Amino acid sequence: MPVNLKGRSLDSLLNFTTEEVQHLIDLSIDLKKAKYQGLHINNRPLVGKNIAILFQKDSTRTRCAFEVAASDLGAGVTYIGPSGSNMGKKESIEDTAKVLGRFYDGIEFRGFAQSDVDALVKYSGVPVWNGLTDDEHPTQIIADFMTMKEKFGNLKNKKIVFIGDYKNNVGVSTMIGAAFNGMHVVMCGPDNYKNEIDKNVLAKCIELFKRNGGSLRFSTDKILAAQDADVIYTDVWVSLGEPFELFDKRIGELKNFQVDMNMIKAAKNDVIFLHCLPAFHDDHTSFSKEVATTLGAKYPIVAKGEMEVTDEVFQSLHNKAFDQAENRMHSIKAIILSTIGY
Amino acid sequence: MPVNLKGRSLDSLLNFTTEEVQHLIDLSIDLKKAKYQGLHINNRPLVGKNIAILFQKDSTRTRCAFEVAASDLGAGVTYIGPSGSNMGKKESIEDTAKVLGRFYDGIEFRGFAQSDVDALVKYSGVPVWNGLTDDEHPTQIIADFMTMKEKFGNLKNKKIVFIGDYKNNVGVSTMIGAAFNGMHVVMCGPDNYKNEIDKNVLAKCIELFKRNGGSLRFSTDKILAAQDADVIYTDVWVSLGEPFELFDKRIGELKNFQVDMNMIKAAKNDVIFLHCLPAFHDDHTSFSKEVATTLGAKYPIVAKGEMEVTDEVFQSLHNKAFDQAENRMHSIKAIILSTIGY
Amino acid sequence: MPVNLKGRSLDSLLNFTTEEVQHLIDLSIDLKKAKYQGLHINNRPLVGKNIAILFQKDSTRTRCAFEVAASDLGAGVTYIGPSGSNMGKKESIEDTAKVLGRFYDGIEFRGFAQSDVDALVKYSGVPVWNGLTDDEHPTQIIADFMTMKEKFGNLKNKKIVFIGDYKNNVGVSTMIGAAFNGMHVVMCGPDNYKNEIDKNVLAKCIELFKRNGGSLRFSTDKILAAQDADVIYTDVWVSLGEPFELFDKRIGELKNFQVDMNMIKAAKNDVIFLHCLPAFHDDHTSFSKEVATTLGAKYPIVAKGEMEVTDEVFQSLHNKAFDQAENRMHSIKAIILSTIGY
Amino acid sequence: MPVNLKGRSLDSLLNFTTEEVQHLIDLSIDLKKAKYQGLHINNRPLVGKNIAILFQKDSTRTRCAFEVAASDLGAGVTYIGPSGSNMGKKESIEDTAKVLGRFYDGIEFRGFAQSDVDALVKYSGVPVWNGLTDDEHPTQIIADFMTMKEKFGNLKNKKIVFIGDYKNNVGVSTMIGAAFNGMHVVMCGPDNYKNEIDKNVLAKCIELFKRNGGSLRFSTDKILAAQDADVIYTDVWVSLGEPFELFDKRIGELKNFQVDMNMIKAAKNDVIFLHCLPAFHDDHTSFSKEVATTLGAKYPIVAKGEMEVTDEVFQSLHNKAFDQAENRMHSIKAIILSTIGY
Amino acid sequence: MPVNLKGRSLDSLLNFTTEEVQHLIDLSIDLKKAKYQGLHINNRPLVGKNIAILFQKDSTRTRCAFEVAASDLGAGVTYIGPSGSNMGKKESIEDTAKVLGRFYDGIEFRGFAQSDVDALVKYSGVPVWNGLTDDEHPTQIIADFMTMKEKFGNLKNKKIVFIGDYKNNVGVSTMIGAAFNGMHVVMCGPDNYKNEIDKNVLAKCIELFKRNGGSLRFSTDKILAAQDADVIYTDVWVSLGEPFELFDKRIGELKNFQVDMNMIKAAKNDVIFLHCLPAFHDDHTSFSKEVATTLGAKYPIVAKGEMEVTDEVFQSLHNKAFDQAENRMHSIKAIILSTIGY
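Residues numbered from 1 in each chain as written, not as in the entry; some residues may be left out. Chains lettered and ligands numbered in written order. Part of a larger assembly, values for the part shown. Heavy atoms only, no water.

(A) Up close: the overall build of chain A. A tally of regular secondary structure across chain A gives 14 helices and nine strands. Here the C-alpha radius of gyration of chain A, 20 Å, is about what a compact globule of 342 residues would show, namely 20 Å. C-alpha atoms of chain A, sized along the principal axes, occupy 55 × 45 × 40 Å. Burial analysis of chain A (342 residues in total) assigns 66% to the buried set. Restricting to contacts in chain A with at least 6 residues of sequence separation, those with at least 24 account for 79%. Each charge sign in chain A was given a centre, from 40 positive and 44 negative side chains, and these centres are 3 Å apart. (Helix = DSSP H or I, 4+ residues; strand = E, 2+ residues; numbered from the N terminus. Rg over C-alpha atoms; globule rule 2.2 N^0.38 Å. Buried < 20%, exposed > 50% of the residue type's maximum accessible area, 1.4 Å probe, protein only. Contact = heavy atoms within 4.5 Å. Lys, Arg positive; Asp, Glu negative; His and termini not counted. Charge placed at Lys NZ, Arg CZ, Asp CG, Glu CD.)

(B) View of the side chain of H275 of chain C. Residue and element names in this part refer to chain C. Structurally, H275 can be placed in strand β9 (residues 272-275). The class of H275 is buried, set by a relative accessible area of 0%. Contacts of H275, omitting those with residues within four sequence positions, involve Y233, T234, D235, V236, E308, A321 and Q324.

(C) View of the packing of helix α5 (residues 138-152) of chain D against helix α13 (residues 321-340) of chain D. All names here are of chain D. At a minimum axis distance of 8 Å, the contact between α5 and α13 shows a crossing angle of 115°. With respect to the hand of their crossing, α5 and α13 are arranged in right-handed fashion. Counting all contacts with α5, which are made through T139, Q140, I142, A143, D144, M146, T147 and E150, the residues of α13 involved are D323, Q324, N327, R328, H330, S331, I332 and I335. Looking at the contact of α5 with α13 residue by residue, the class counts come to five nonpolar, seven polar and four charged. (Axes fitted to C-alpha atoms, helices over the stretch in contact; angles between N-to-C directions. Left-handed = near helix turned anticlockwise from the far one by under 90°. Nonpolar A, V, L, I, M, F, W, Y, C, P; charged D, E, K, R; others polar.)

(D) Fine view of the packing of aromatic side chains. Scanning the entire structure with this criterion turns up 50 aromatic pairs over all chains. Taking the centre distance of 6.0 Å and the plane angle of 85° together, the rings of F314 of chain E and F322 of chain E count as edge-to-face. For the pair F314 of chain E and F322 of chain E, one class covers both residues: buried. Clustering of aromatic rings is evident, with ring pairs tying together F244, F247, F280 and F287 of chain A. Over the ring of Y193 of chain A we find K167 of chain A; its NZ or CZ atom is 3.7 Å from the centre of that ring. Just above the ring of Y79 of chain D sits the side chain of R63 of chain D; from NZ or CZ to the centre is 3.7 Å. (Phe/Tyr/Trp six-rings, centres within 6.5 Å; stacked < 30°, edge-to-face > 60°. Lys NZ or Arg CZ within 6 Å of the ring centre and 35° of its normal.)

(E) Structural detail: the interface of chain C and chain A. Each side of the interface is counted separately: chain C has 22 residues, and chain A has 32 residues. Summing both partners gives a buried area of about 2200 Å² for chain C against chain A, and 55% of it is carried by carbon and sulfur. When the buried surface of chain C facing chain A is broken down by residue, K90, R102 and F103 of chain C rank first, second and third, together holding 29% of it. Taken together, chain C and chain A are joined by three salt bridges. Ionic pairing is found between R102 of chain C and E326 of chain A, a salt bridge with its closest N-O pair at 2.8 Å. Where chain C touches chain A, the interface holds 11 residue pairs in polar contact. (Buried area = accessible area lost by both parts, 1.4 Å probe. Salt bridge = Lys/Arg side-chain N within 4 Å of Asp/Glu carboxyl O. Polar contact = N/O pair within 3.5 Å; in protein donor to acceptor, adjacent residues only side chain to side chain.)

Shown next as structure tokens:
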């Protein structure tokens, strides 16, 4: 049956065939190639359309990626920040979704609850796109593996390690991606952490690996993990907006999974480093200086501002985080185009 | 005399002729029919023009209506939120008006003080649109009577009930529209509310009824007011951010004016229900639940979280509140276009 | 060597030649004249280009100028206010700069640290425009001297007085631009203010007066300095948010420098009055009313709420401050087009 | 919800809301007026799309309506005749369906099996439009009630008589349209036909009458039925052509239900005559004359060529069947455009 | 030389270089990606050209591929069915050919006689495209090897099995494409079929294997053949339909060459299934069931409807035959565009 994403919402990537997901990634690349030639100047297929982008919490990368992709396509965009994006408080989300559907041809939404995305999908009647929830980061997934495909070509049987807080939405998304791409994933970090990943998500990925040809293995040894890894992907240890008592705990249980030059050269030569950013990889930020000062005793790794990754790795030819960053815009453009349709 | 809105401001609707208002309601209908055909793609008369839309207070519905209308026409729009839209504090409003008028070709402004709108109109030198004040909600009026006209055709002598806190800007806005369209209004609710309605406005409406047909009447009985009504229009009982001590008082005065199925069933078979939204008609809002919980026993009417309208009505075929939400965009488009001119 | 501004950043006007600055002033007038003919309706050279404009402190005037300038040229803009515009808190400005460079073709930045503009110029690899720093207000300089030239023609050897807190960024930016236009500058205010101005800036400005003409004198007497002046330019006495001990101190030091009709009478008949706005010239602002109330006793100049300029002057035909504001837009458009290229 | 038919198939009209069906009717009218102005010359929203129109059995009127509609809109069209439109023998319907969806943006299908329309909707994944099956004629319904609304305006509580073989596809379809429009329908013909009408269609119809306000009724008497009827709709008795003995039995059962000037006169001054055509209202047709021959007696009615209607009636100012025909095209356009989207 | 197919006819693929055939494949892919972006809307290179597509025998898939391709490109198309596409009886092929070339810019032809394609190439003097003859299927070859290159990338030294009636047009065509792509082909079926394969085609193929690096081979065993095979390509056994006795002899000879899950499993994890369709992989087809009836025994395989492939196989993730189908169109476009020229 035809890859036809016209009218679909991008709520969870798991609601999509392996073929539909490979389409999106391919289209992302094609659309990036077209822009470098200036083909977007005379060919703006969404003129006469508008999308709203809602953020219950600020996301500079995701908002800019939508703003630019929509704009390059010919669409008008209206950005609603946190002040205006709050849901179910002074109006039910059912009703907010039904109105947005009367004004706009597509709705982007970034908030904590997947149920909120769900109501948005059910009641608006237009394509809804998940800009990031507690459960998932679908647009970033596409950007991530598009980045990998540009580097290595077909991804089947290539190996990727998500090290760090792998039970969180990025980590779980990365696993989802690898499943669709038939890659060997190694979720590397604390052992306890596996136990907190939705059991339905795992099942689907495990089928996906069967069908597409990867594997899902867990791991506690950073250097073991990196063996023949083509890709090493990590993420912050600390969520912004919580107490140091919870920092203490978190950096404690993760302090052995910092990505450093050992881990990199323990992998392949042409291994690439991914991170969705921001990353704390030195002391250039006040938040960094803060952590390295108040906990730079109790823990030597953070003593230099660095947490999930060493400035040495971050400044190395291995780091593709910035290409990955640019690709947020190209892949979101593929999502909007396929769903709204030319 | 020619219906020439070119250059005009929508400060207050009472500053326009019956012919002009009707031309606005009709243009609104035409503009929407044109959009359903895709005619806004090639035909974009405001390319080269920019409007500023100021909001001293967040209004999601009015802002999206303005952004989509102006985008569809080919206008650039710069949204200015509560932080940006202050007047009289850091700079005279007379001064701000003048500057705004150097940059933009039209100005929207939603704020508490109608005198802020008058200053903008006087010193900007461009068309100013009142997005909502304490006095009147002019763009809302065109949307509402357009919805009615779409449903019913010529409104002359048709009957409308505005029920509840009818003395607020929305109730008064509705009476003004009923006047302009020769309708019979019954303002339904507490009897001393009528003492609150500005006397100059009352008089201008009295003159309009004499001219266009219809009439003005106050009623304290919801089921008697409904007899033979084509339209029942309600609104919220609470002013968000007012003291909860003031809530309890109001809901005490209005406890007998909640729109239920008995009310709909007393009006014409073909009656339609309006509400400018958001409405509290269930318990899917936080505020709804804390009303249900604190006041639910004392006023069993809000036990389920419903206030001005029951969910039973809200979910019926009578509710045209979402077409009325939709029409905010079409009518505001007729306003921008007519006022700025092709 | 040519006026090849293409690819440049407007970081500080002092990194430009006299010839490049005239060119920007001249292009601004040309762009202003083409808009009035409506030439911007079919001639939109930046279609397919996008800019990000960051403000870490609301700056209505500068924002609107960029938004309308970019729009008229055909570029998309995405506005990032104070919450999103933070640098060095949770990410290094170097990392942030690198990503904006992936998404945008140009970046505007308004913030206190000039070192942040530097960072952005260095790391983004795309034209960055200083929206305003503690050090300088380059876009405002082009708008201002444009305005004078529109009025007097060739500016060489004409007389401008900057009166008041002449050691602030506006007074100092005014001095810079007067040197670029070879004008006779008189900085009129308390004697020790000159000791507070950066010494290198003075060096550079003096070398400019040497090449272009004009001169740089200091004055303590508003009537004497106003002699033969073609332009009198002033600014607020207060930094808003700043406490009182510093406020009462300022108004105390400045009380002999309120620009009044007498001063204007001492100037050429042709004199024009400039102010970047907002100005406190009457009691129509809540703030200037707290000043009349509390301090209007100790200081009768501010008893009517007027400080740096009297309402009589500000309502006079000498006041070109409003043309000046309009020109913020035309000049910013010149900066965007030279710098991005057609 | 929102009236958003984008992506939908027109498989049965019953799969749509009263709101969607009205929108389809109203948009049809708008598209007709737009064509009369020549707006289709420069405004062609479907350029870059392609539709396939398959006919298992020729259907001149429907095919032409699709061809002009799609061309007017800018779409390419592939016509596939009986020989090509063959489902199930050479290849499974499921299979064929899945290919068509790889090539085309929309598919029309005229065949006998409704189950064939369903497979095409399921398997192609593009909009499918029922061109006419044994069970329903949804493009024809929109045309008729469009034609009626053009003459009478709001249709609610107006009277339409379907007389003849009222249990066939056209009768049941007229009944369906009458419910969506809240009219009184009178199904007039042989008593036992109401027993061959799908009980579910009926229930669904009763529900719509409950909601829109018509009613259903069965008559056996042409004159009692015509009382106060705004519309009289008939159809052929003889679908050619099993023998000339089922004709015997059909004219046999139908002989008293011919539409003549008696019936029209018994209906309103204002009544109109509808007929999907071809009609048999005289001998100008050879098939007609072969009936006049083989059956002029027994049955004296069909002796002169006329069958379901008298040439006397077909020629009166009452007959709108050619307006009903032109409308086939306008309404298919609204269905193509809504369903594909501009 | 230069890859310049401008002016050329696609009469036999063997009349083309390995370089030209690759170009046709690669351009097909490029055209597909371009369509997914909507680049065909504003970029229509063949506006002002017209092509005739004649079919001596219906061929739904090929006709539709030509119709969408030409329309996408901006060309008019005249479809001429069996009755019209008659060569040699009413008028000499030479004559007809010479007229067509006076009217059309290109001509497609689907008939049995290759000699008919040759006369059209000689006499019309415009590009002619072989839509399928008894000897070859050149548009189909480009589609298949396009589909294979999309899945596997560079095709050189990959293994493809053609199993079934491998001496018919489709088999020999697959063999030809396999040589141009330097793959190992295994022709698997009844031992004596290799004796009905034109000796010149073979020689030409051997030469290409010498140059591109594949090889040719004959098998009689489905499982030995599938060893390390990337692609398994089959086709129908029964072209309907001489009697039901040649079927006897065909299923007779072909009964051991059915494609089942055994064979797939004996081939690679990664293998794909191709089939030009329609396939007979179940009973959903009436022609299929008439086989299950008349021949369920002798032959137990065709008892359940399946013939050349098992419904079990047709439904696996291995079957790419619908991607192979979509590709018919993309590749005919590359052939139309190369041959007519932009």
